[PDB]
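Beneath this line is the structure, given in structure tokens, with notes to follow.
Neighbour counts are summed over all protein chains in view; Cβ atoms, including those assigned to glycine, are modelled from backbone coordinates with ideal geometry. Every number in this text was worked out from the coordinates using simple rules, so none of it is lab data.
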């Protein structure tokens with residue numbers, strides 16, 4: 001969309017923008033927060049055979065179009081709550097989603113000058129490691145981590161252990 | 001002849017010790033040029049001339 | 001060996017204090033003060049050059065109980081400078097010193113000068129610990145800060161605040177001593193939701 005890629009004319013803290021409960025005051029943005037809410041409502045009710053089409057959709061459709069930081073945070077806000085379901089019931093897809101997260105982080109670190117939100121991204125990745133993946137993602141992550149810019153590498157250095 | 005100049009510098013320091021050991025002859029001291037104590041490579045006493 | 005440790009430590013404190021006690025130009029103040037500290041560090045290095053790995057920590061508990069048993073703050077700061085150069089030169093693993101410093105039960109908040117000098121030294125030597133050790137140190141420092149009352153005296157507050165700079169240094173995001181997720185996990189394990 002123009003609201004995630006080109007115009008951050010409303011560039012309000014995206015962790016407000018993707019909070020749907022903003023609908024309390026009449027400040028819901030658009031399909032951004034609305035499709036985030038409906039996607040969570042649909043995937044919350046989905047069987048695991050229906051959720052398991054998410055990794056293909058990430059690594060085949062979303063990964064060639066995530067270019068800026070708002071799209072990366074939107075994909076994190078979109079998929080991140082269901083790693084509990086994947087880690088409980090089907091563990092291939094949690095690993096594939098972890099690799100897809102690091103790949104999108106690589107594309108946004110390359111195709112952008114600087115990140116304003118490197119700290120929530122880094123804390124999300126540490127939370128995903130220490131809660132869900134652990135150390136199944138070792139060899140394939142370090143190629144991605146070594147290609148990042150210095151500040152992100154400085155905060156992400158503890159991933160490799 | 002040209003090896004007199006390495007010697008003269010060696011004869012400075014020797015003479016210096018003479019001028020110290022004549023100095024402290026009336027006070028109650030014991031002078032020495034070598035002190036065999038341990039440490040010697042960590043203490044600044046190792047890092048002296 | 002315990003007696004040997006006692007002898008070396010006693011003689012170092014007494015000697016360095018007394019020769020410096022009379023200021024007959026004995027010293028040149030700038031980095032020669034650093035050299036007298038090097039002198040205590042070398043005396044500590046000789047003492048350490050004689051010990052096994054498994055015996056590496058009970059001697060350190062003896063060192064810290066001997067430092068905390070002192071009363072003169074100049075004596076305490078001189079032995080803390082000795083411990084600082086003993087860590088800095090690479091002789092001592094910089095996790096055992098910090099743990100035995102904080103978990104020493106003589107470290108109470110009423111010993112305010114001991115509190116200040118101890119947490120000053122831990123601020124000096126915490127930068128080399130690995131991150132899991134930094135996490136356990138964060139936990140024990142928070143539990144040490146938790147024993148202070150709601151009200152303390154108005155003079156002891158600045159010397160009490162020396163632990164706050166260690167806490168601010170650990171939870172600083174640019175220094176990156178540990179992953180910040182570990183820091184908020186230890187904090188929220190100690191201050192759960194609803195607790196100030």
**Fill in**
Selection over the range C:165-189 where residues are more than 14 Å from chain A (Cβ to nearest Cβ) and either surrounded by 12 or more Cβ atoms within 10 Å (Cβ to Cβ) or touching a helix residue (DSSP H, G or I) at 6+ places or on another chain (Cβ under 7 Å) (or both) yields a count of 5
**Request:** Answer with yes or no whether residue C:192 is surrounded by 13 or more Cβ atoms within 10 Å (Cβ to Cβ) and either more than 20 Å from residue C:133 (Cβ to Cβ) or within 14 Å of another protein chain (Cβ to nearest Cβ) (or both).
**Result:** no
**Message:** Step by step: first the residues of the range B:20-41, then only those that are in contact with a helix residue (DSSP H, G or I) (Cβ under 7 Å, 6 or more places away or on another chain) and either more than 20 Å from residue C:32 (Cβ to Cβ) or loosely packed, with under 10 Cβ neighbours inside 10 Å (or both), then the one that is nearest to the other protein chains (Cβ to nearest Cβ). Which residue is that?
**Reply:** B:38
**Fill in**
Of (1) touching a residue at least 12 places away in the same chain (Cβ under 8 Å); (2) in a loop (DSSP other than H, G, I, E, B), residue A:156 fails just (2)
**Item:** Tally of residues being surrounded by 15 or more Cβ atoms within 10 Å (Cβ to Cβ) and either within 14 Å of chain A (Cβ to nearest Cβ) or in contact with a strand residue (DSSP E or B) (Cβ under 9 Å, 6 or more places away or on another chain) (or both) across the range C:132-141
**Value:** 3
**Prompt:** How many residues, within the range A:98-120, are under 14 Å from residue A:157 (Cα atoms) and in contact (Cβ under 8 Å) with a residue 40 or more places away in the chain?
**Reply:** 1
**helices (runs of 4 or more DSSP H) within the range A:81-133 that include 1 or more residues surrounded by fewer than 17 Cβ atoms within 10 Å (Cβ to Cβ) and within 14 Å of chain C (Cβ to nearest Cβ)** = A:118-128
**Request:** All but one of (1) under 24 Å from residue C:183 (Cα atoms); (2) loosely packed, with under 14 Cβ neighbours inside 10 Å; (3) away from chain C (no Cβ under 12 Å) hold for residue A:139, so report the exception by its number.
**Result:** (1)
**Message:** Here's a check for you: in the range C:147-164, which residue that is touching a helix residue (DSSP H, G or I) at 6+ places or on another chain (Cβ under 6 Å) and either in a loop (DSSP other than H, G, I, E, B) or over 19 Å from residue C:99 (Cβ atoms) (or both) is farthest from the other protein chains (Cβ to nearest Cβ)?
**Reply:** C:156
**Message:** Among the residues that make up the range C:57-79, is at least one of them surrounded by 16 or more Cβ atoms within 10 Å (Cβ to Cβ), within 14 Å of another protein chain (Cβ to nearest Cβ) and touching a helix residue (DSSP H, G or I) at 6+ places or on another chain (Cβ under 6 Å)?
**Reply:** no
**Prompt:** Checking residue B:17 against (1) without any contact (Cβ under 8 Å) to a residue 12 or more places away in the chain; (2) surrounded by 10 or more Cβ atoms within 10 Å (Cβ to Cβ), which test does it fail?
**Reply:** (1)
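Residue-wise test of (1) part of a helix (DSSP H, G or I); (2) away from chain B (no Cβ under 14 Å); (3) touching a residue at least 24 places away in the same chain (Cβ under 8 Å).
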| position | (1), (2), (3) |
| --- | --- |
| C:12 | yes, no, yes |
| C:16 | yes, no, yes |
| C:20 | yes, yes, no |
| C:33 | yes, no, no |
| C:37 | yes, no, yes |
| C:42 | yes, no, no |
| C:46 | yes, no, yes |
| C:54 | no, yes, no |
**Fill in**
Exactly one of B:6, B:44 is out of contact with any strand residue (DSSP E or B) (no Cβ under 6 Å at 6 or more places or on another chain) and more than 14 Å from every other protein chain (Cβ to nearest Cβ), and that residue is B:6
